[PDB]
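The structure appears below as structure tokens.
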Amino acid sequence: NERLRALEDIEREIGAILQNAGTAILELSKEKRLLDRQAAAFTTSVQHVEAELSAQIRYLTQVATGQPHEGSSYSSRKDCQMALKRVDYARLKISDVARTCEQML
Amino acid sequence: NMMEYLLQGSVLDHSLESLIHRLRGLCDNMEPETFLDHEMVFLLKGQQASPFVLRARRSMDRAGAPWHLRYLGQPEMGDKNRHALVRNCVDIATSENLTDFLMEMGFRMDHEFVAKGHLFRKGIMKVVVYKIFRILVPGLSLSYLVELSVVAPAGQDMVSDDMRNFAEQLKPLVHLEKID
Amino acid sequence: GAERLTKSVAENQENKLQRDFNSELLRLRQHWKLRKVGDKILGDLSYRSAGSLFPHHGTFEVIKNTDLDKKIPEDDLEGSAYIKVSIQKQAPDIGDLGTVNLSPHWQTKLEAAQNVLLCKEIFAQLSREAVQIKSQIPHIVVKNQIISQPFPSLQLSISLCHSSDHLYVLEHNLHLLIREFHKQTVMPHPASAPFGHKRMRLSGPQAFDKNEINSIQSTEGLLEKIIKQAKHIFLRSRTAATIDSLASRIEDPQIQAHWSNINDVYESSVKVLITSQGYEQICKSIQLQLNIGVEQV
Amino acid sequence: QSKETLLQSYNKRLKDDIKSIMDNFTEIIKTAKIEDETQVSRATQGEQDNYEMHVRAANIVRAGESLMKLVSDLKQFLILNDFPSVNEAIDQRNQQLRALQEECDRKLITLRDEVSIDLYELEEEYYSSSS
């Protein structure tokens with residue numbers, strides 16, 4: 001759950017770091033203010049993105065041997081399907097009884 | 001007639017999730033469960049000089065389940081790169097009958113231990129996680145135990161390679177091996 | 001390039017509907033079965049999670065689309081089907097048209113596949129049960145319509161439909177097969193290595209001569225559905241007989257019946273009292289009969 | 001085929017691509033050379049080397065961005081449903097469906113109870129009335 005958001009934020013930060021490095025290079029090579037701080041921030045963000053990528057790659061490696069988490073609660077799915085079918089059949093029978101009663105009265 | 005291929009497993013006490021989730025996910029079962037029981041080893045060997053262990057493991061959390069006892073010992077030197085286990089022979093018991101028969105025939109309680117943990121299974125294999133305590137009868141070494149064990153007839157040691165592959169599957173977490 | 005990448009990322013993060021790459025995939029996996037990643041996807045609704053079935057698994061849908069899931073055909077029922085049951089005018093001629101009469105995309109595209117795989121398992125089990133059935137009744141075997149005959153005036157035709165009484169026993173048979181699957185998986189609180197069933201080892205302490213040794217397991221499959229249909233037609237006939245006797249004996253003391261709420265699988269319970277017209281103190285004869293399935297009341 | 005080794009190779013390739021992109025950026029920043037060092041042929045060779053370095057830096061930046069995006073996509077792919085140790089989603093789905101079917105069973109039971117009460121009240125008037 002949180003690892004997905006972490007990887008998404010890491011990718012967004014890598015993109016932002018690339019953009020900041022490009023902008024800092026442009027501002028520094030245009031003419032010769034904040035170019036030094038911009039380059040420092042860009043280098044720091046690039047290093048942080050690299051560290052985050054290395055940490056995510058150095059994960060616990062849950063299985064890496066076969067198809068893990070086999071069985072997605074299919075029994076519960078089938079039970080819920082049968083319950084819904086029972087409810088639908090009950091509704092149909094109740095509607096039939098109601099039509100019979102309306103024809104009676 | 002029957003045999004066993006019990007393998008020893010020892011994981012750090014803190015490494016619990018990497019074991020429970022991996023075993024619940026890789027291949028164990030659906031709807032896992034837990035257990036609780038205490039063992040009572042015994043020995044009655046006067047002149048034979050061969051104390052036979054009779055583990056009368058009674059599940060305290062069970063509704064009068066039989067005291068399923070097992071005899072294990074004398075590991076056969078098969079050298080088949082397996083768990084290096086020996087033949088096994090289970091034996092059920094009745095309510096308080098294990099202690100009754102141990103007193104009748106005459107036995108000596110070598111020690112008493114209790115176990116508690118989660119349960120797992122396989123096709124022709126069985127892995128169990130539990131923690132042993134050191135306390136009086138009314139109620140630890142800080143080290144869990146992965147009880148990857150196989151009990152089956154002799155056959156042709158076909159399950160040895162399967163158990164080795166299953167252990168290699170859980171290699172990043174633990175590393176099973178034999179014992180002396 | 002940086003602005004293009006940032007705009008693409010902001011668009012993918014804003015509208016979480018076209019995010020097919022791993023996003024709809026995470027949603028699907030949280031809503032569907034496992035995916036053995038050989039190339040892209042695998043592990044369809046083969047019901048191998050319960051185990052003890054016939055090998056029909058395989059990848060079903062891994063592709064990009066445009067809310068952009070694949071829902072590709074499976075490996076290839078791809079149709080709506082269901083079991084059908086009916087009892088009307090048994091005939092030897094067979095081979096007719098099995099007419100079938102019928103909000104994400106993957107759900108509707110794969111639920112039909114799961115259902116037809118379940119019907120295939122149903123028919124395979126019914127075949128394996130009818131090939132070795134007992135000599136209690138005949139059992140005609142055709143490609144799809146296995147008509148049978150437990151006793152006269154009750155001719156069931158349990159046919160398998162496809163896109164290439166009538167409802168209750170259907171659900172009952174489906175639940176019976178899924179109960180079989182679940183039983184083929186029981187935790188005995190084991191310590192050393194029993195790895196069996198509780199009642200199986202319970203014969204040790206409580207030594208039963210021949211009661212539990214035979215009650216630990218029994219036959220099932222087609223016999224259970226046959227017994228259920230027999231009970232159904234028997235209850236229908238008993239109710240019709242009571243109603244006819246009521247409609248006939250008008251001037252006679254009108255019969256007064258009363259059903260029960262607890263109608264079990266095989267047996268049931270029916271109550272009835274004479275209760276002559278306008279006299280509650282004359283209830284000198286009131287009987288309660290149970291109409292079992294494989295026998296009489 | 002060697003899933004762990006394949007993941008390790010992918011991680012090594014991503015790290016090497018990131019390091020190469022960083023080195024290319026550092027080289028493009030350090031190879032400015034504002035001093036007019038081109039003395040043999042200034043107007044030709046200086047402009048040639050400038051355009052070549054600009055094209056090389058742009059290509060390196062684009063390749064690094066593409067490699068980082070592909071590495072992030074592959075990491076999200078493998079962590080999404082390939083080998084995520086988080087199997088609690090199955091338990092949450094189990095609990096949700098079990099609550100749903102329990103509510104359905106309770107509703108059906110209440111419905112059958114009311115229907116049985118009404119059926120008995122109706123039988124009492126039907127069977128005891130004929131003329």
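We label chains A, B, ... in the order they appear in the structure tokens, count residues from 1 in each chain, and number ligands from 1 in the order shown.
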Contact residues (chain A, partner chain C, 8 Å, only C-alpha atoms) as a PyMOL selection string: chain A and resi 12+15-16+18-19+22+66-72+74-75+82
Write the selection just made, keeping N, CA, C and O atoms, as a CSV table (one decimal), in the first residue's frame?
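Output file part_28.csv is given in full below:
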```csv
chain,number,residue,atom,x,y,z
A,12,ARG,N,8.2,10.9,-9.2
A,12,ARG,CA,7.9,12.3,-9.3
A,12,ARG,C,9.1,13.2,-8.9
A,12,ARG,O,9.4,14.2,-9.5
A,15,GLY,N,11.8,13.1,-11.6
A,15,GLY,CA,11.4,14.0,-12.7
A,15,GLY,C,11.6,15.4,-12.3
A,15,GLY,O,12.2,16.2,-13.0
A,16,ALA,N,11.2,15.8,-11.0
A,16,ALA,CA,11.4,17.2,-10.6
A,16,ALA,C,12.9,17.5,-10.4
A,16,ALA,O,13.3,18.6,-10.7
A,18,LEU,N,15.4,16.2,-12.3
A,18,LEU,CA,15.9,16.4,-13.6
A,18,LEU,C,15.5,17.8,-14.1
A,18,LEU,O,16.3,18.5,-14.7
A,19,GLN,N,14.2,18.2,-13.9
A,19,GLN,CA,13.8,19.5,-14.3
A,19,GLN,C,14.6,20.6,-13.6
A,19,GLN,O,14.9,21.6,-14.2
A,22,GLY,N,18.1,20.8,-15.1
A,22,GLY,CA,18.0,21.5,-16.3
A,22,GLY,C,17.9,23.0,-16.2
A,22,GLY,O,18.6,23.8,-16.8
A,66,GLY,N,8.4,-18.6,-6.7
A,66,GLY,CA,7.3,-19.1,-7.3
A,66,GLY,C,6.1,-18.1,-7.2
A,66,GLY,O,6.3,-17.0,-6.6
A,67,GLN,N,5.0,-18.5,-7.8
A,67,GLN,CA,3.8,-17.6,-7.7
A,67,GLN,C,3.3,-17.5,-6.3
A,67,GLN,O,2.8,-18.4,-5.7
A,68,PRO,N,3.5,-16.3,-5.6
A,68,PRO,CA,3.2,-16.2,-4.2
A,68,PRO,C,1.7,-15.7,-4.0
A,68,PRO,O,1.0,-15.3,-5.0
A,69,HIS,N,1.3,-15.8,-2.8
A,69,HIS,CA,-0.1,-15.4,-2.4
A,69,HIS,C,-1.1,-16.2,-3.2
A,69,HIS,O,-2.1,-15.6,-3.7
A,70,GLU,N,-0.9,-17.5,-3.4
A,70,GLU,CA,-1.8,-18.2,-4.2
A,70,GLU,C,-3.2,-18.4,-3.5
A,70,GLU,O,-3.2,-18.9,-2.4
A,71,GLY,N,-4.3,-18.1,-4.2
A,71,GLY,CA,-5.6,-18.2,-3.6
A,71,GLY,C,-6.1,-16.8,-3.2
A,71,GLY,O,-5.8,-16.3,-2.1
A,72,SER,N,-7.0,-16.2,-4.0
A,72,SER,CA,-7.6,-14.9,-3.7
A,72,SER,C,-9.0,-15.1,-3.2
A,72,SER,O,-9.9,-14.4,-3.7
A,74,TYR,N,-11.3,-17.3,-3.3
A,74,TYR,CA,-12.4,-17.7,-4.3
A,74,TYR,C,-13.6,-18.3,-3.6
A,74,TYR,O,-14.7,-18.1,-4.1
A,75,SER,N,-13.4,-19.0,-2.5
A,75,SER,CA,-14.5,-19.5,-1.7
A,75,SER,C,-15.5,-18.4,-1.3
A,75,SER,O,-16.7,-18.6,-1.4
A,82,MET,N,-23.5,-16.9,-4.5
A,82,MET,CA,-24.7,-17.7,-4.1
A,82,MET,C,-25.6,-16.9,-3.3
A,82,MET,O,-26.8,-17.1,-3.4
```
Which residues of chain B are close to chain D, meaning at most 9 Å apart when you count only C-alpha atoms, and how do they look as a PyMOL selection string? chain B and resi 17-18+21-22+24-25
Near residue 222 in chain C, within 7 Å and counting only C-alpha atoms, which residues show up once chain neighbours fewer than 3 positions away are dropped, as a list in words? residues 126, 129, 225 and 226 of chain C
Can you build me a table of chain D residues sitting at most 9 Å from chain C, with the closest atom pair per residue and its distance in Å to one decimal, using only C-alpha atoms, sorted by chain and residue number, as a tab-separated table?
```
residue	atom	partner	partner_atom	distance
D:1	CA	C:38	CA	8.9
D:61	CA	C:1	CA	8.8
D:62	CA	C:1	CA	7.2
D:65	CA	C:2	CA	8.4
D:73	CA	C:21	CA	7.9
D:76	CA	C:22	CA	6.7
D:77	CA	C:22	CA	5.6
D:78	CA	C:22	CA	9.0
D:80	CA	C:26	CA	5.5
D:81	CA	C:26	CA	6.0
D:82	CA	C:37	CA	6.6
D:89	CA	C:30	CA	6.1
D:90	CA	C:30	CA	7.1
D:93	CA	C:31	CA	7.9
D:112	CA	C:261	CA	8.4
D:113	CA	C:261	CA	8.1
D:116	CA	C:261	CA	6.7
D:120	CA	C:258	CA	7.4
D:123	CA	C:258	CA	7.3
D:124	CA	C:256	CA	8.3
D:126	CA	C:256	CA	9.0
D:127	CA	C:256	CA	5.4
D:128	CA	C:256	CA	6.9
D:129	CA	C:277	CA	8.1
D:130	CA	C:250	CA	6.9
D:131	CA	C:250	CA	7.1
```
Pull N, CA, C and O atoms from the residues just selected and write them as a tab-separated table (two decimals), in the first residue's frame.
```
chain	number	residue	atom	x	y	z
D	1	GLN	N	13.18	-17.44	-14.95
D	1	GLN	CA	14.60	-17.77	-15.08
D	1	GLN	C	15.41	-16.84	-14.19
D	1	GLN	O	15.68	-15.69	-14.55
D	61	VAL	N	20.64	13.52	-21.30
D	61	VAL	CA	19.55	13.85	-20.39
D	61	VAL	C	18.29	13.08	-20.77
D	61	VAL	O	17.58	12.55	-19.90
D	62	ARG	N	17.98	13.01	-22.07
D	62	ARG	CA	16.80	12.28	-22.51
D	62	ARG	C	16.92	10.79	-22.19
D	62	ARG	O	15.96	10.17	-21.72
D	65	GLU	N	16.47	10.29	-18.42
D	65	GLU	CA	15.07	10.40	-18.04
D	65	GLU	C	14.29	9.15	-18.45
D	65	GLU	O	13.50	8.62	-17.66
D	73	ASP	N	8.96	2.24	-13.61
D	73	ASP	CA	7.83	1.46	-14.08
D	73	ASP	C	8.02	-0.02	-13.78
D	73	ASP	O	7.09	-0.69	-13.32
D	76	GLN	N	7.60	-0.56	-9.98
D	76	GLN	CA	6.18	-0.56	-9.64
D	76	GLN	C	5.49	-1.82	-10.14
D	76	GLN	O	4.58	-2.34	-9.48
D	77	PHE	N	5.92	-2.34	-11.29
D	77	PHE	CA	5.34	-3.57	-11.82
D	77	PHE	C	5.62	-4.74	-10.90
D	77	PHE	O	4.72	-5.52	-10.56
D	78	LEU	N	6.88	-4.88	-10.46
D	78	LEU	CA	7.26	-6.03	-9.64
D	78	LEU	C	6.71	-5.90	-8.23
D	78	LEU	O	6.45	-6.91	-7.57
D	80	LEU	N	3.85	-4.21	-7.43
D	80	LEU	CA	2.40	-4.08	-7.43
D	80	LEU	C	1.73	-5.40	-7.09
D	80	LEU	O	1.04	-5.51	-6.07
D	81	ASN	N	1.92	-6.41	-7.94
D	81	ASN	CA	1.29	-7.70	-7.73
D	81	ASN	C	2.21	-8.89	-7.97
D	81	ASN	O	1.77	-10.03	-7.78
D	82	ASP	N	3.46	-8.67	-8.38
D	82	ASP	CA	4.34	-9.79	-8.68
D	82	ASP	C	4.78	-10.50	-7.40
D	82	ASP	O	4.53	-11.70	-7.23
D	89	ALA	N	-4.79	-7.88	1.71
D	89	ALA	CA	-5.91	-7.50	0.86
D	89	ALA	C	-6.87	-8.66	0.68
D	89	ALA	O	-8.10	-8.47	0.65
D	90	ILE	N	-6.34	-9.88	0.58
D	90	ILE	CA	-7.20	-11.06	0.49
D	90	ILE	C	-8.01	-11.22	1.76
D	90	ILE	O	-9.20	-11.57	1.72
D	93	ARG	N	-10.81	-8.59	1.71
D	93	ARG	CA	-11.87	-9.03	0.82
D	93	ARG	C	-12.68	-10.16	1.45
D	93	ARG	O	-13.91	-10.21	1.32
D	112	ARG	N	-38.04	-15.22	5.71
D	112	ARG	CA	-38.72	-16.51	5.82
D	112	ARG	C	-39.51	-16.61	7.12
D	112	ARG	O	-40.57	-17.24	7.14
D	113	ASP	N	-39.04	-15.99	8.20
D	113	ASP	CA	-39.79	-16.01	9.45
D	113	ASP	C	-41.10	-15.25	9.30
D	113	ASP	O	-42.17	-15.73	9.70
D	116	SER	N	-43.42	-17.21	7.10
D	116	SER	CA	-44.00	-18.36	7.79
D	116	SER	C	-45.11	-17.93	8.73
D	116	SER	O	-46.15	-18.60	8.82
D	120	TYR	N	-48.93	-19.22	8.25
D	120	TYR	CA	-49.75	-19.89	9.26
D	120	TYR	C	-51.04	-19.12	9.52
D	120	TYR	O	-52.11	-19.73	9.63
D	123	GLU	N	-53.25	-19.95	6.59
D	123	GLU	CA	-53.73	-21.33	6.63
D	123	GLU	C	-54.87	-21.47	7.63
D	123	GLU	O	-55.86	-22.17	7.37
D	124	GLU	N	-54.74	-20.81	8.79
D	124	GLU	CA	-55.78	-20.89	9.81
D	124	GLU	C	-57.13	-20.41	9.28
D	124	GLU	O	-58.18	-20.90	9.72
D	126	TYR	N	-57.83	-20.33	5.78
D	126	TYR	CA	-58.16	-21.06	4.57
D	126	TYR	C	-58.73	-22.44	4.89
D	126	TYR	O	-59.83	-22.79	4.44
D	127	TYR	N	-58.00	-23.24	5.67
D	127	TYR	CA	-58.42	-24.61	5.91
D	127	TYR	C	-59.71	-24.68	6.73
D	127	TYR	O	-60.46	-25.65	6.60
D	128	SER	N	-59.98	-23.67	7.55
D	128	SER	CA	-61.15	-23.66	8.42
D	128	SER	C	-62.31	-22.87	7.83
D	128	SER	O	-63.11	-22.29	8.58
D	129	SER	N	-62.42	-22.81	6.50
D	129	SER	CA	-63.50	-22.06	5.86
D	129	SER	C	-63.81	-22.71	4.53
D	129	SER	O	-62.99	-22.66	3.61
D	130	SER	N	-64.99	-23.33	4.42
D	130	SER	CA	-65.41	-23.96	3.18
D	130	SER	C	-66.93	-24.07	3.18
D	130	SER	O	-67.53	-24.39	4.21
D	131	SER	N	-67.53	-23.81	2.03
D	131	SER	CA	-68.98	-23.89	1.88
D	131	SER	C	-69.37	-24.06	0.42
D	131	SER	O	-68.54	-23.90	-0.47
```
9 Å contacts from chain C to chain B using only C-alpha atoms, as a PyMOL selection string: chain C and resi 49-50+185+187-195+198+201-202+204-206
Contacts of chain A with chain D up to 10 Å, shortest pair per row, only C-alpha atoms, as CSV:
```
residue,atom,partner,partner_atom,distance
A:1,CA,D:86,CA,8.0
A:3,CA,D:79,CA,7.8
A:4,CA,D:76,CA,6.7
A:5,CA,D:76,CA,9.7
A:6,CA,D:76,CA,9.8
A:7,CA,D:76,CA,6.7
A:8,CA,D:72,CA,8.1
A:10,CA,D:72,CA,8.2
A:11,CA,D:72,CA,6.2
A:12,CA,D:69,CA,9.6
A:14,CA,D:68,CA,7.7
A:15,CA,D:65,CA,7.4
A:18,CA,D:65,CA,7.5
A:19,CA,D:65,CA,9.9
A:21,CA,D:25,CA,8.7
A:22,CA,D:61,CA,8.8
A:25,CA,D:29,CA,7.4
A:28,CA,D:29,CA,9.6
A:29,CA,D:32,CA,8.4
A:43,CA,D:22,CA,8.9
A:46,CA,D:22,CA,8.2
A:47,CA,D:22,CA,9.3
A:49,CA,D:18,CA,9.6
A:50,CA,D:18,CA,7.2
A:51,CA,D:15,CA,9.6
A:53,CA,D:72,CA,8.0
A:54,CA,D:15,CA,7.3
A:56,CA,D:75,CA,7.9
A:57,CA,D:11,CA,5.9
A:58,CA,D:11,CA,8.4
A:59,CA,D:79,CA,9.6
A:60,CA,D:85,CA,9.0
A:61,CA,D:83,CA,7.4
A:62,CA,D:85,CA,5.6
A:63,CA,D:83,CA,6.4
A:64,CA,D:3,CA,5.5
A:65,CA,D:3,CA,7.1
A:66,CA,D:3,CA,9.0
A:67,CA,D:82,CA,7.9
A:68,CA,D:83,CA,6.5
A:69,CA,D:87,CA,6.4
A:70,CA,D:87,CA,9.6
A:71,CA,D:90,CA,8.4
A:72,CA,D:90,CA,5.8
A:73,CA,D:94,CA,6.2
A:74,CA,D:94,CA,9.0
A:75,CA,D:94,CA,8.9
A:76,CA,D:94,CA,6.0
A:77,CA,D:97,CA,6.9
A:78,CA,D:97,CA,9.5
A:79,CA,D:101,CA,7.0
A:80,CA,D:101,CA,5.5
A:81,CA,D:101,CA,8.7
A:82,CA,D:101,CA,8.7
A:83,CA,D:101,CA,5.8
A:84,CA,D:104,CA,7.6
A:86,CA,D:108,CA,8.3
A:87,CA,D:104,CA,7.2
A:90,CA,D:108,CA,8.0
A:94,CA,D:115,CA,9.9
```
Export C-alpha atoms of the chosen residues as an mmCIF file, in the first residue's frame?
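Written file, out_8.cif:
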```
data_model
loop_
_atom_site.group_PDB
_atom_site.id
_atom_site.type_symbol
_atom_site.label_atom_id
_atom_site.label_comp_id
_atom_site.auth_asym_id
_atom_site.auth_seq_id
_atom_site.Cartn_x
_atom_site.Cartn_y
_atom_site.Cartn_z
ATOM 1 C CA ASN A 1 0.000 0.000 0.000
ATOM 2 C CA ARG A 3 5.267 1.211 -1.049
ATOM 3 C CA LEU A 4 3.273 2.093 -4.175
ATOM 4 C CA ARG A 5 2.858 5.711 -3.076
ATOM 5 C CA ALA A 6 6.542 5.724 -2.095
ATOM 6 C CA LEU A 7 7.624 4.594 -5.567
ATOM 7 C CA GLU A 8 5.262 7.098 -7.201
ATOM 8 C CA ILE A 10 10.206 8.739 -5.906
ATOM 9 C CA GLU A 11 9.468 8.870 -9.640
ATOM 10 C CA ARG A 12 7.874 12.316 -9.334
ATOM 11 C CA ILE A 14 13.300 12.104 -9.955
ATOM 12 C CA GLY A 15 11.417 13.993 -12.654
ATOM 13 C CA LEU A 18 15.855 16.394 -13.642
ATOM 14 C CA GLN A 19 13.777 19.516 -14.316
ATOM 15 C CA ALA A 21 18.979 20.390 -12.838
ATOM 16 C CA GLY A 22 18.041 21.539 -16.335
ATOM 17 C CA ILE A 25 22.141 24.682 -15.767
ATOM 18 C CA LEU A 28 23.909 29.382 -14.669
ATOM 19 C CA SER A 29 24.929 29.296 -18.339
ATOM 20 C CA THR A 43 22.413 17.622 -6.944
ATOM 21 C CA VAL A 46 19.305 13.663 -7.650
ATOM 22 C CA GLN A 47 21.252 11.973 -4.850
ATOM 23 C CA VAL A 49 16.254 9.982 -5.843
ATOM 24 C CA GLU A 50 19.191 7.627 -6.405
ATOM 25 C CA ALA A 51 19.170 6.624 -2.731
ATOM 26 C CA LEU A 53 15.743 3.889 -5.951
ATOM 27 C CA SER A 54 18.566 1.866 -4.388
ATOM 28 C CA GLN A 56 13.462 0.240 -3.132
ATOM 29 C CA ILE A 57 15.579 -2.148 -5.207
ATOM 30 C CA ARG A 58 17.118 -3.493 -1.977
ATOM 31 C CA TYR A 59 13.772 -4.789 -0.761
ATOM 32 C CA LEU A 60 13.147 -7.933 1.286
ATOM 33 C CA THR A 61 12.540 -9.972 -1.913
ATOM 34 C CA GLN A 62 9.451 -11.689 -0.526
ATOM 35 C CA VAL A 63 9.476 -14.897 -2.588
ATOM 36 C CA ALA A 64 11.342 -14.718 -5.923
ATOM 37 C CA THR A 65 10.827 -18.492 -6.195
ATOM 38 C CA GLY A 66 7.252 -19.124 -7.346
ATOM 39 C CA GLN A 67 3.815 -17.593 -7.716
ATOM 40 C CA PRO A 68 3.152 -16.164 -4.235
ATOM 41 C CA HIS A 69 -0.098 -15.424 -2.397
ATOM 42 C CA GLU A 70 -1.845 -18.248 -4.244
ATOM 43 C CA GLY A 71 -5.593 -18.183 -3.648
ATOM 44 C CA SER A 72 -7.576 -14.938 -3.747
ATOM 45 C CA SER A 73 -10.423 -16.019 -1.440
ATOM 46 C CA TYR A 74 -12.356 -17.670 -4.264
ATOM 47 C CA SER A 75 -14.507 -19.523 -1.729
ATOM 48 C CA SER A 76 -15.766 -16.233 -0.286
ATOM 49 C CA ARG A 77 -16.419 -14.926 -3.804
ATOM 50 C CA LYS A 78 -18.511 -17.985 -4.636
ATOM 51 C CA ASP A 79 -20.364 -17.737 -1.320
ATOM 52 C CA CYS A 80 -21.214 -14.091 -1.999
ATOM 53 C CA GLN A 81 -22.359 -15.003 -5.514
ATOM 54 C CA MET A 82 -24.652 -17.697 -4.128
ATOM 55 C CA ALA A 83 -26.025 -15.284 -1.524
ATOM 56 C CA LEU A 84 -26.786 -12.728 -4.238
ATOM 57 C CA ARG A 86 -30.571 -16.469 -3.302
ATOM 58 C CA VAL A 87 -31.603 -12.848 -2.762
ATOM 59 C CA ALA A 90 -36.369 -14.562 -3.223
ATOM 60 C CA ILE A 94 -41.929 -12.314 -3.754
#
```
When you look at residue 35 in chain A with a cut-off of 12 Å (counting only C-alpha atoms), what residues show up, excluding the ones that are within fewer than 2 positions of it in the same chain? I need them as a PyMOL selection string. chain A and resi 20-33+37-42
Using only C-alpha atoms, determine which residues lie at most 12 Å from residue 76 in chain C, disregarding the query and same-chain residues fewer than 4 positions distant; provide the list as a list in words.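 The neighbour list is residues 44, 56, 57, 58, 59, 60, 72, 110, 112, 113, 114, 116 and 117 of chain C.
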Among chain A, which ones does DSSP place in alpha helix (DSSP H), written as an MDAnalysis selection string? chainID A and resid 2:30 35:57 74:104
Residue 51 in chain B surroundings by only C-alpha atoms, 12 Å radius, close-in-sequence under 6 positions cut, as a list in words: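 Skipping anything fewer than 6 positions along the chain leaves residues 41, 42, 43, 44, 45, 71, 72, 73, 74, 107, 108, 109 and 110 of chain B.
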Just the residues within 12 Å of residue 270 in chain C, please, counting only C-alpha atoms, with nothing from its chain fewer than 4 positions along; format it as a list in words.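 Selected residues are residues 235, 238, 239, 242, 256, 257, 258, 259, 260, 261, 262, 263, 286, 287, 288, 289, 290, 291, 292 and 297 of chain C.
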Residue nearest chain A - candidates B:12, B:23, B:135, B:53, atoms counted: only C-alpha atoms: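 Of all the options, B:23 lies closest to chain A.
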CA of residue 197 in chain C to CA of residue 148 in chain B, straight-line distance in Å: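 So the answer is 20.0 Å.
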Please indicate the distance in Å from CA of residue 84 in chain C to CA of residue 231 in chain C, rounded to one decimal place.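 Between these atoms lies a distance of 18.5 Å.
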